[PDB]
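Values reported hereafter were calculated over all heavy atoms of this structure, with side chains retained and with hydrogens, waters and symmetry mates removed. Just so it is clear: chains get the letters A, B, ... in the order the sequence lines come, proteins before strands, and each one is counted from 1. Whatever order the structure lists ligands and atoms in, that order sets their numbers, starting from 1.
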There are 2 protein chains.
Amino acid sequence: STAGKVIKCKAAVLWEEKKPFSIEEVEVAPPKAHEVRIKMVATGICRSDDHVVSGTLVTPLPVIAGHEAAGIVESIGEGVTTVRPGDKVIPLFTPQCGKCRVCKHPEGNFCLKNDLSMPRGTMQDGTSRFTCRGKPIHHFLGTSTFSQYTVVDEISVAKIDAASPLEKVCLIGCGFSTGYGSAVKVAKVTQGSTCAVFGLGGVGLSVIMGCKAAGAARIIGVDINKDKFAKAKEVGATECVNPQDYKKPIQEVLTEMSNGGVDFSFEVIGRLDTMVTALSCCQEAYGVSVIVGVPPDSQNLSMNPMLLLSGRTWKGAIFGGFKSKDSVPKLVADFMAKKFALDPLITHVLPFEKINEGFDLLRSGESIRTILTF
Amino acid sequence: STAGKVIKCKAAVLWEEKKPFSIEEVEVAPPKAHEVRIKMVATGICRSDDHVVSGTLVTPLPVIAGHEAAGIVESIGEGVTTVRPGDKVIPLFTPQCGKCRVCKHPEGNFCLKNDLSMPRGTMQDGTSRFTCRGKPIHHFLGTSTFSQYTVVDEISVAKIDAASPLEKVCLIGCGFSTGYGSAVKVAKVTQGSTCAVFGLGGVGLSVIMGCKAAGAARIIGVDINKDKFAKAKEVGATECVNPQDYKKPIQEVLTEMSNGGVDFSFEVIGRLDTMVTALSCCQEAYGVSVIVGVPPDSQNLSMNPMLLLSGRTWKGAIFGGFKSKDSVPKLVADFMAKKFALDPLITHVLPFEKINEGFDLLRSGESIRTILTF
Ligand SMILES: NC(=O)c1ccc[n+]([C@@H]2O[C@H](COP(=O)([O-])OP(=O)(O)OC[C@H]3O[C@@H](n4cnc5c(N)ncnc54)[C@H](O)[C@@H]3O)[C@@H](O)[C@H]2O)c1
Ligand SMILES: NC(=O)c1ccc[n+]([C@@H]2O[C@H](COP(=O)([O-])OP(=O)(O)OC[C@H]3O[C@@H](n4cnc5c(N)ncnc54)[C@H](O)[C@@H]3O)[C@@H](O)[C@H]2O)c1
């Protein structure tokens, strides 16, 4: 029995930037008041986890990364009321406390208890539940899913349907929800519109799914890797373009293709240049552009404000704009009811011990989502 | 009868940047097909007219400036159907052709026939109706209202109520409608919200009027000239702040005052740095910031896209988002029914011949709107 005791288990520790993950034994403390200890079942490999290795995303090291996952509750601390031992759950990298001004607003989701704006790499109480070779290890976004067991605050976990398939619905913990919501909730794509989607990875394919569900008439995928085009068309793209095939900047190409600019554009890569290109390709009087990709730390973009004065709208969002704890269970129920598909995003399935091979697949351009199974 | 004949009259010609206007005789050709010749009655002095003098707003010289005005139709060219000789009219610096994709869109107002994106300083047919000292003189934004007589395209004029007081309703041709619509139509300010307005000139005061009409609970005026505060409070500001009084950046001050950021902010000055400050002071998850001020020609701002990724919305607009020809007559009817006030914007009255004194008053900080009478 493990309840109330320290657990010794395997985890993927990142000791320093620009090194492979180290798969080794860690110690996981029992949950304190208002905390939940979870046995992980499946976790996806997202580009944001890779950003921690490359130095694009800054968060305290050493760390247990991972934020897109699903598992089963092993034990609960004093005072927990929304999950119980044995429940299927998805960790929430954006929390939902329900009591701050953002949680109370009709359209906000970036809860003020988040560990994203100024990352500390701890539990809500400022301490860590992990140790490795006698050294305390940091948490990541309040989730830390690259471990057989994790501990999360109650505001950072949602209970889901007991019959759901965890090796698929882990994607609702990040990539699917982010891209789909960016289209249907943040941009509010309209029927008959023309959309442009920059970046055709797991998140950009989810944006395409949302634009198709909203009734867009045209969905133009943009990527420098033409091997991404076939799957983009399968999930709804009507046409695909590679900027390196053209002797003119792609914003000009897209403006001409759309007879004067697109209705909705999405940056789903993480580059300053493509954020400005995506804004510029939407129609100057009524276009909308949404930033989803995460750019290198502490770098500013340059742009001419006349792009906005004519009438464009520019926005960004975390997690597709969804209030996390309310939305995650509903998205799983919609999946169970066949309202959307997750299989098109999954290209590879590997045991957790093959995490480094899964990161090599992402970096080489060969995969969309690899799902790691514990 | 002057119909079909060249009219010799006085106009304010700008021959060179950074010099006074020259009040001298010009020749005004009769209107061609789908053109309207107007006897001007009153015109306002707007900061955008000053931007032509300072080289902030680039348009070809020599030029007859002026864009905020009202007058009476002298004659109509062949095929005109929307106005007749003797009608009271307001020239429209943003046209409304009714036939392009923008005019047909529910939100759009930046008609594709505009002379703003890349000013050419002509009529729609690419020619000029003005000569001075024997040379052709450019038009400005299709309006050129600093002249006893001007010629405009039919898509750039609206018929208004025959009983309208032209010395007041000329402000509906730019400053009032721009500020009011930026609040009520572009931002869509909500009841009980907190707003911040940067710049307390004629346009910023009109933004305040709109925020108060929309039911905002708090309206914070921001200006480096404290002499602008008394009038801002008269029209609805609840508090006013001068950035020069504070040791901390004003975005930090405003975030503290609003217990975490404002609901709606407006840049109504024309500086790159205040555009970035205004964005930053709105709440990071659900705030909205609207750019109204005109930026220095061809200059780019620098900003961190993490301001948008958390959830902020950034937009701009011309003429308050209003479809010009549909909206101007309705705004005049609302003024006649006392739905809004224009007298608070009018601080000085001068004859047209004293135009240079009117620009001196604006540049010294002493005026809001000076109205010139022909
Ligand atoms: N806002 C959020 O809440 C949120 C959550 C999900 C992920 N993220 C971010 O979303 C982005 C996408 O994540 P993903 O997992 O889909 O990544 P990914 O690496 O699988 O996909 C990115 C795609 O961009 C393409 N690309 C790279 N450089 C390009 C360039 N110069 N021009 C055109 N295409 C280019 C690649 O070929 C690739 O197919 C990442 O930056 C990630 O950090 C954000
Ligand atoms: N978008 C549009 O359609 C549109 C139409 C109307 C006018 N314009 C622009 O709107 C702006 C305002 O026009 P206006 O006629 O009200 O001008 P104005 O000059 O009367 O008002 C601007 C105000 O900004 C204040 N100011 C200047 N620098 C400042 C700083 N660093 N910080 C804080 N306050 C500062 C001044 O003291 C002044 O009271 C101008 O840039 C004009 O060109 C845009």
>> Going by the rule ring pair (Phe, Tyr, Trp, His ring centres under 6.0 Å), which residues pair with A/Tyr286 if we only count those two or more places apart in sequence or in a different chain?
In response: B/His105
>> Regarding B/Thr56 and B/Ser54, do their side chains bring together a donor and an acceptor under 3.5 Å, going by distance alone?
In response: yes
> Would you call the rings of B/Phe93 and B/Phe319 parallel, tilted or perpendicular, where under 30° means parallel and over 60° means perpendicular?
Replying inline: perpendicular
> Can you find a side-chain donor-acceptor pair between B/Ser289 and B/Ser265 that sits under 3.5 Å?
Replying inline: yes
>> Between B/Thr145 and B/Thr43, is there a side-chain donor-acceptor contact under 3.5 Å, judged purely by atom types and distance?
In response: yes
> Taking 4.0 angstrom as the limit, do A/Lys233 and A/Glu239 come out as a salt bridge?
Replying inline: no
Less than 3.5 Å apart, N/O on ligand 1 and N/O on the protein: could you list those pairs with the distances?
residue: ligand 1; atom: 1 (N); partner: A/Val292; partner atom: O; Å: 3.0
residue: ligand 1; atom: 1 (N); partner: A/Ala317; partner atom: O; Å: 3.0
residue: ligand 1; atom: 3 (O); partner: A/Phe319; partner atom: N; Å: 2.9
residue: ligand 1; atom: 15 (O); partner: A/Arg47; partner atom: N; Å: 3.3
residue: ligand 1; atom: 15 (O); partner: A/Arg369; partner atom: NH1; Å: 2.8
residue: ligand 1; atom: 16 (O); partner: A/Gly202; partner atom: N; Å: 3.3
residue: ligand 1; atom: 16 (O); partner: A/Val203; partner atom: N; Å: 3.1
residue: ligand 1; atom: 19 (O); partner: A/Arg47; partner atom: NE; Å: 2.8
residue: ligand 1; atom: 19 (O); partner: A/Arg47; partner atom: NH2; Å: 3.2
residue: ligand 1; atom: 31 (N); partner: A/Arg271; partner atom: NE; Å: 3.4
residue: ligand 1; atom: 37 (O); partner: A/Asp223; partner atom: OD1; Å: 2.7
residue: ligand 1; atom: 39 (O); partner: A/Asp223; partner atom: OD2; Å: 2.7
residue: ligand 1; atom: 41 (O); partner: A/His51; partner atom: NE2; Å: 3.2
residue: ligand 1; atom: 41 (O); partner: A/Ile269; partner atom: O; Å: 2.8
residue: ligand 1; atom: 41 (O); partner: A/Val294; partner atom: N; Å: 3.1
residue: ligand 1; atom: 43 (O); partner: A/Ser48; partner atom: OG; Å: 2.7
residue: ligand 1; atom: 43 (O); partner: A/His51; partner atom: NE2; Å: 3.1

